[PDB]
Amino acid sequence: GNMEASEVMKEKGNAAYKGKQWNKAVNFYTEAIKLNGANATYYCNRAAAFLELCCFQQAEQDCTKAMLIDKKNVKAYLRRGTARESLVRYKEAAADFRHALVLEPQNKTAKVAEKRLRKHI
């Protein structure tokens, strides 16, 4: 059914993403989401493809939807954080990088980011 097709589309997205086919990835993930709109990982993955395209607003909206579906999605915070730091919104980035560390204390990406953001906040 569509539930099963959705995971197939996700997996095709992941292959596209791994080969740097960023638009193809976006398009697979869009279809994944159209078939199953209640999966935080599908949105979080699409954010990642958008980040690579410099589509930062779209990445943010997607990380923001991923958190609605699942508050504990670590990568949604890391990725929204990155898009914000890219859009020079350093206060908002730090909040997200801080929250990722609340969920995943050892997270190396959030700790590197906090240190870099310190000298802008």
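One rule holds for the numbers: they count along the sequence shown, beginning at 1.
- Legend: mean Cα B-factor per stretch from the PDB entry, 91-99 versus 44-52; the higher mean is in 91-99.
- If you average the C-alpha B-factors over 22-30 and over 81-89, the higher value belongs to 81-89.
- When all modelled residues of the chain are sorted by CA temperature factor, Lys10 is found within the lowest third.
- In the PDB entry, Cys63 places in the lowest third of its chain by CA B-factor.
- Among all modelled residues in this chain, the alpha-carbon of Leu35 has a temperature factor (C-alpha) in the lowest third.
- In the PDB entry, a CA B factor belonging to the lowest third of its chain's modelled residues is recorded for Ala76.
- Per the PDB record, residue ranking by Cα B-factor puts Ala16 in the lowest third of the chain.
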